[PDB]
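A single chain comes next, written as structure tokens; it is the form deposited in one PDB entry.
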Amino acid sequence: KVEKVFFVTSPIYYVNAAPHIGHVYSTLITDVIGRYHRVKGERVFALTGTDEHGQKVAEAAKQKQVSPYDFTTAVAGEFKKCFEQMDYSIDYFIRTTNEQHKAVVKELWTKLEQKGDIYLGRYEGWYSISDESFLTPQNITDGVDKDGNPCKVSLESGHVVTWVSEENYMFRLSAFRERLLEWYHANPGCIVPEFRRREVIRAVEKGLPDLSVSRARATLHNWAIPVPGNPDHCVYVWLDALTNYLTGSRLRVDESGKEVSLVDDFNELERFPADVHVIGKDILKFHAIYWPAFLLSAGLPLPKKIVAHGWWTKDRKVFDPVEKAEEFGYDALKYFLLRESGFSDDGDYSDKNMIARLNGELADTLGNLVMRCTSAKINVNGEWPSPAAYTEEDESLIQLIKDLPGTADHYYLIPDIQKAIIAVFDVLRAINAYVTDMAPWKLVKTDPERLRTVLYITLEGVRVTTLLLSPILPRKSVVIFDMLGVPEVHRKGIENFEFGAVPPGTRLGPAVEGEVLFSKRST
């Protein structure tokens, strides 16, 4: 019960290679969640960015034979170009090379050391460079390296692992087991979906070793943040990386989305801790185990929710998001990725199924419906009519429209965007059945009063559904509201989740001779 900036993040992505889907997916989920809270009238800060340090990224820049500084800048430019083309509404793009971020990392590091949670030790064990992840012997197995020779690989990811024996600064993660366990249990929604929350607990129950938070300077090709007070060591890319969330919460951003100052105290901008960390299933441990343990050591507040979707947010496997968005449309693609993907990789991403959902749901259910209630043939006055008396059937439909907001609200807040969309379209399917059942095209001649009632209900249903769909279909929801003639003030705010927010007499927006909202793609 504290009014605060709703702070939602994506992961920051390794810039070892171009952006692809998945990066786009993760950022989409972050964008949608942020958008939904904006239509509720809440303050929002959506964060995304790039993870530019590390052995991975340094060695990727070597293979392209160019400077780390030049390489990280260039790939990051590609991430921004991509995210702008994607038409998101993110508030800030962060980069771990940012000088103010570096400052926050060092500040955090010192905090951890002053608390006595960092000591000089050794790590002697396996490491996946591609994952920047330490692994116990039970998490590797036999495999083949890039030359076809025998080697070891992560069971997590199948990437090549190498044995590391280094004197590192070690963090006392073992000491935080009992407090994390308390945290998971006191806050049973803090990790979503449930079966990933159960995975985290089982792992932490088993026992936690201490974590290596530094590495030898040479190993990282001097591409990392120096450990404060020890120039021989660099900060573990993951500590560095996770700290972006804290950095983001402390950056004042200007008109153009550029940082202009870093604040001393996170309370100043009221963002920290994150309300939702959006992540892929591949990085759960860093966020649900390491991250909270660091925060507990530093006396910082823990995030409210971590949601981990069913995608490998990096290095999976030809599905270009821009080329698909130019083919099928931008809101349609976003709708398709959000509708087809629950909390699994079991989704069907063929063109066949993209067309089935476009035509099936977007066109026949949403599109057809929007036309009917604006059609000059049916809505002959091009206005919102005054409803007459309601039948029990009218009420049954109206009831669905009234209950829809609270239900979609809960789903968005889980967060489960698929279930929110499904819940909206269930109401859309019902409105269409109602209209088929009522044949308003016939009512124009036979019963004008009954038409008034039918058409009003259809308009409000289309408005309320379109409102709750506006985070998924941002550009199209604007086109729909324009057709319905909905004033700007009524496109936002929980006030306008209520039935009858737009008054009768409201005039529809101007039409165009060959206009179509969602265009049917031939199979």
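Only the largest set of C-alpha atoms that superpose within 1.5 Å between the two forms is called the rigid core. Don't overthink the numbering: it's just position in the shown sequence, from 1.
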Subject >> residue 324: gap in at least one third of other compared structures >> reply: no
**OP:** Going by the record, give me the number of deposited-sequence residues missing between residue 252 and residue 253 as none, 1 to 3, 4 to 9, or 10 or more.
**Re:** none
**OP:** Going by the average Cα B-factor in the PDB entry, point out whether 450-458 or 66-74 comes out higher.
**Re:** 66-74
Subject >> Given 287-295 and 110-118, the range whose Cα B-factors average higher in the PDB entry >> reply: 110-118
**OP:** Could you say which of 280, 415, 301, 257 has its CA atom at the highest B factor, as listed in the PDB entry?
**Re:** 257
**OP:** Have a look at 328, 272, 425, 236 and flag the one whose Cα has the highest B-factor in the entry.
**Re:** 328
Original post:
Once the chain's modelled residues are ordered by C-alpha B factor and cut into thirds, is residue 11 in the lowest, middle or highest one?
Top reply: lowest
Original post:
Comparing residue 59 with the other modelled residues of its chain, is its CA B-factor in the lowest, middle or highest third?
Top reply: highest
**OP:** Could you tell me which third, lowest, middle or highest, the C-alpha B-factor of residue 409 occupies within its chain?
**Re:** lowest
Original post:
residue 263's Cα B-factor: lowest, middle or highest third of the chain?
Top reply: highest
Original post:
Looking at the C-alpha B-factor of residue 175, is it in the lowest, middle or highest third of its chain?
Top reply: middle
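Omitted here: the form deposited in another entry. The next part is about that form.
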**OP:** Have a look at 256, 136, 149, 344 and give me the residue whose C-alpha moves 2 Å or more between the shown form and the other one, with the fit done on the rigid core.
**Re:** 344
Original post:
Has the Cα of residue 92 moved 2 Å or more between the shown form and the other one, judged after a core fit?
Top reply: no
Original post:
With the core lined up, does the C-alpha of residue 441 move 2 Å or more between the shown form and the other one?
Top reply: no
Subject >> residue 390 C-alpha moves between the shown form and the other one by 2 Å or more, core aligned >> reply: no
Original post:
residue 312 and residue 469: do their C-alpha atoms lie closer or farther in the other entry than in the form you see, with a change of 3 Å or more?
Top reply: closer
**OP:** Once you account for a change of 3 Å or more, let me know if residue 345 and residue 193 sit closer or farther in the other entry, using their C-alpha atoms.
**Re:** closer
